Amino acid sequence: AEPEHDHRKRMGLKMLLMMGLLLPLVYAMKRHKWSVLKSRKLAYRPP
Amino acid sequence: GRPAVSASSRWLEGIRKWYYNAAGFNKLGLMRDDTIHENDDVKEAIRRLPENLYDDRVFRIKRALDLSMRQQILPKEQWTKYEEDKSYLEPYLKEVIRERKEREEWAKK
Amino acid sequence: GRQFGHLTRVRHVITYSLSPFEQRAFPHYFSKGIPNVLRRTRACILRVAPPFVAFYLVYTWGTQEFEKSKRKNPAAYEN
Amino acid sequence: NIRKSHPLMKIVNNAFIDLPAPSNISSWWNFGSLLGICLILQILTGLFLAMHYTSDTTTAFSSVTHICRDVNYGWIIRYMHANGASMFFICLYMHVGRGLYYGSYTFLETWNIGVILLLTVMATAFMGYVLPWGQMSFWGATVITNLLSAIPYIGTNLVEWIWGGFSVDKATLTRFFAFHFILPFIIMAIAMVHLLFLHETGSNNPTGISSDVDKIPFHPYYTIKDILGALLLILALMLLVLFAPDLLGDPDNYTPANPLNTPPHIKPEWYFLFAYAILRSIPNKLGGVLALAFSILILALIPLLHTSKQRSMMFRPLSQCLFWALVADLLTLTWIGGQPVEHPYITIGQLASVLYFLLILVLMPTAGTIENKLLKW
Ligand code: HEM
Ligand code: HEM
Ligand SMILES: C[C@@]1(c2ccc(Oc3ccccc3)cc2)OC(=O)N(Nc2ccccc2)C1=O
């Protein structure tokens, strides 16, 4: 019924293994670029 | 056409003050009028504010939008206190609504 | 659309900011983040959670009645 | 050089690079680009499946198996398609929920276009599901199609018309293949029109308050936020494809054709459950289908029922509770739609159905009005 069964889970392995590399990395890329906003400071100085 | 105070009015006030705290816009430093939905009547009321109020609202909104992005809030010491919350937009808004309603009544005849 | 330069009027606000290559991308990730999530959780549980336990309770009851009523049943037919 | 002058890149720049966007849009805002990714996903895999599927009654079920067994990597392509259809609905749901909660429907045109996009994809997924000519594909095709038969006076000429016969047969499988191939291209055009109307005002945000004082460029920020979020859409899609290919997929479509025999308990796909429960609730032919249509067509009444002086529900404790009661109610409809029409279930199913409508048509609007009063507005 499911001949692909074994290849799929070998791929599936690779998907979690790769995802476990890329996820943290891409997340870190976004934080880097968003740094500038996250730590920005404001001040109001009206007359 | 006056006198009354009631333990009940305070309960009503207590219910309002309760909801105000529950609404939470005061945790972002916002004031009630800062959160109003800008429709036309409102855009015009914003437009009529004097420089000081106009500028204050701009800074408050920026302060809140910036908090929202960090999903943070101000220290409790800085929340806007119900009853220290100024209805700054109200009178302009009411007046802009009155004039529109007048235009509408003229358009009927 | 609308373009930077024609959005709206702003007067008197200073914005200080750092270069990404000068700051950390995760400063106090856990030290400050965990507390923060606990706090956002508290702020919303009372509104989010209740309707769902209400569904949960009807979910377990509902299925319970279903099983006991039809199948399990054949209760008394005594002669 | 410049992105701004070239007649073509100018569109790109104004849509993805320099577009001013709120500094504060949340994760909830990621779904629109995920819906775009979904559409492209469906388009690519869809297409490669079309290079091997055949639309005739006989070989339909068979060609699909040819793909899963014979054609190189057809199985992975076939599962991505199927699981992509589910993700697409997951995204529609979040996207529509985000708009409700945050008041985004106040952008009339873009919201109205969204409803059209909703109906178009539902139409699309329906035709799609029928394609492999399995038991559910067939009976599901039979149920849904027959709804039209409830329409007074012209009801039956219409179903027979859409059938191209006296019941779901040969003619229908072929036309469904055709309409299912063109619909996503037509969807794509409506989506560009959706995006056009949206740019006219730009995005809304969690607070419901104008962000013109704190706009940031879509590009570095949402470009990366969208990338990260695409990868999340991908993980969730692969998990299904690669660990749970049959999980949302009903076991009965793995058995060919039976115009003679209806399965004991036919069960909709998942994303139709709540609507299926509503249709079923009421024991009436006409009224069921009317309730069914209204259950979706209601989104376009939502904007008339906005009652609050605030846009978002971020500062609205009452509306928040009612919103989740709505979600919790939909989740109940889902559970009930996947269950036999019997004792505990029909009554639960009827009360949830009045609740859905009761809360949209009356509860939410009344909460908004008391929130206004509570604030002295
Ligand atoms: C590029 C346009 C599209 C083409 C050419 C296309 C092609 C196909 C073909 C040939 C099949 C039958 C083979 C099979 O069942 O695996 C199919 C089934 C299906 N497609 Fe599409 N499709 C397209 C767009 C869509 C869209 C927009 C959706 C909705 C997200 C969609 C969701 C489905 C579903 C649910 C099925 C039934 C899947 C199953 O369980 O087998 N596809 N499609
Ligand atoms: C093919 C289906 C859809 C696609 C491709 C699509 C695409 C998008 C995109 C790219 C955005 C930009 C920002 C964001 O992510 O929110 C957006 C925002 C929006 N869309 Fe859709 N969407 C689709 C379905 C819908 C539906 C079903 C509705 C409502 C029935 C809808 C109404 C809106 C609204 C109101 C916004 C406003 C943005 C906001 O207020 O935050 N769209 N959409
Ligand atoms: C996938 C599916 C389907 C697809 C799109 C639909 O469109 C809507 C989704 C939600 C709300 C309204 C329409 C509805 C069913 O197509 C199909 O044959 N079925 N199966 C089915 C089973 C029992 C009754 C009716 C249908 C679907 O679930």
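Computed from the coordinates by the stated procedures, all read-outs in this text should not be read as laboratory data. Positions of Cβ are generated from backbone atoms using ideal geometry, with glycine treated the same way; all protein chains shown enter the neighbour counts.
Key figures
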quantity	calculated
For D:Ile216, residues with placed amide H under 5 Å, excluding near neighbours	D:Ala21, D:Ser23
Cα shape, region D:225-377, gyration tensor, a/c 1.5 rule	oblate
Listed residue (D:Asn14, D:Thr45, D:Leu330) projecting farthest to the positive dipole end of chain D, Cβ model	D:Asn14
For chain D: relative contact order, % (alpha-carbon pairs under 8 angstrom, 6 or more apart)	22 percent
Choice from B:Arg32, B:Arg98, B:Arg60 with maximal GNM fluctuation in chain B (Cα, 10 Å cutoff)	B:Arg98
Phi to ³J(HN,Hα) by Karplus 6.51 cos²θ - 1.76 cosθ + 1.60 over region D:26-39, Hz, x for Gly, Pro	8, 4, 4, 7, 5, 4, x, 6, 5, 5, x, 4, 4, 5
Spin-label model distance (nm) - A:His5 vs C:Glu78, 7 Å beyond Cα toward Cβ	5.2 nm
Order by protection proxy (mean Cβ within 10 Å, highest first), peptides B:22-29, D:335-342, D:315-322	D:315-322, B:22-29, D:335-342
Radius of gyration, Dmax [region D:29-174; alpha carbons; angstrom]	17.7, 51
Between 0 and 90°, nearest 10: helix C:29-67 axis offset from chain C longest Cα axis	20 degrees
Label zone at C:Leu7 (point 7 Å along Cα-to-Cβ), backbone N below 15 Å, region D:1-45	D:17-26
Relative contact order %, region D:294-377, counting alpha carbon pairs below 8 Å whose residues are six or more apart	49 percent
Check: chain D dipole with +1 on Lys, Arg Cβ and -1 on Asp, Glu Cβ, in debye	740 debye
Amide H within-cut-off set for D:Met314, under 5 Å, with H built and near neighbours excluded	none
Pairs of alpha carbons in region B:40-95 whose separation is greater than 12 Å (percent)	73 percent
Where trypsin sites (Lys or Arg not before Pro) fall in DSSP loop in chain A, at most 15 other Cβ within 10 Å	A:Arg40
Relative contact order of region D:61-198, defined on C-alpha pairs under 8 angstrom at six or more residues apart (%)	27 percent
Two-decimal Rg to Rh for the protein assembly as shown - Kirkwood Rh, Cα set	1.00
Loop chymotrypsin sites (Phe, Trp or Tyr not before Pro), chain C (other Cβ atoms within 10 Å of the site Cβ: 10 or fewer; DSSP)	C:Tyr77
Averaged over D:219-231, number of beta-carbon atoms from partner chains that fall within 10 Å	4
Extreme residue, positive dipole direction of chain C, given options C:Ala76, C:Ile34, C:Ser19 (C-beta unit charges)	C:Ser19
Taking only Cα atoms of region A:4-47, radius of gyration then Dmax in Å	20.7, 73
Note, ³J(HN,Hα) from phi for region B:38-48, Karplus 6.51, -1.76, 1.60, rounded to Hz, x at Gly and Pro	5, 9, 4, 3, 6, 4, 5, 4, 4, 4, 8
Residue-wise HN-Hα coupling along region D:45-62, computed from phi with Karplus coefficients 6.51, -1.76, 1.60 (Hz; x: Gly, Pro)	4, x, 3, 4, 5, 6, 6, 9, 7, 10, 8, 8, 2, 5, 7, 4, 4, 5
Size of electric dipole in the protein assembly as shown: Cβ of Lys, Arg +1 and of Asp, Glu -1, about Cα centre, debye, nearest 20	2360 debye
Projected label distance in nm at D:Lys10 and D:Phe197, using a 7 Å step from Cα toward the beta-carbon	2.5 nm
Cα shape, chain C, gyration tensor, a/c 1.5 rule	prolate
Solvent-free Debye scattering, log10 I(q)/I(0), computed from the Cα coordinates of chain D at q = 0.07, 0.09, 0.10, 0.11 Å⁻¹	-0.36, -0.59, -0.73, -0.88
Estimated distance in nm for a label pair at A:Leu22 and C:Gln23, the labels positioned 7 Å out from Cα along Cα-to-Cβ	2.8 nm
Peptide D:315-327, shielding by other chains (average Cβ, 10 Å cutoff)	5
Shielding by partners, peptide C:49-59 (average Cβ within 10 angstrom, other chains)	5
FRET efficiency, 1/(1 + (r/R0)^6) with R0 45 Å, evaluated for D:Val341 and B:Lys76 via beta carbons	0.25
Distribution of pairwise C-alpha distances over chain B, 5 Å bins, in %	2, 10, 16, 17, 16, 14, 11, 8, 4, 1, 0, 0
For region A:4-47, size of Cβ-based charge dipole, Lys and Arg +1, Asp and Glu -1, in debye	380 debye
Dipole axis of chain B (+1 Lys, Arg; -1 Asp, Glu on Cβ), positive-most option in B:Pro3, B:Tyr88, B:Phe59	B:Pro3
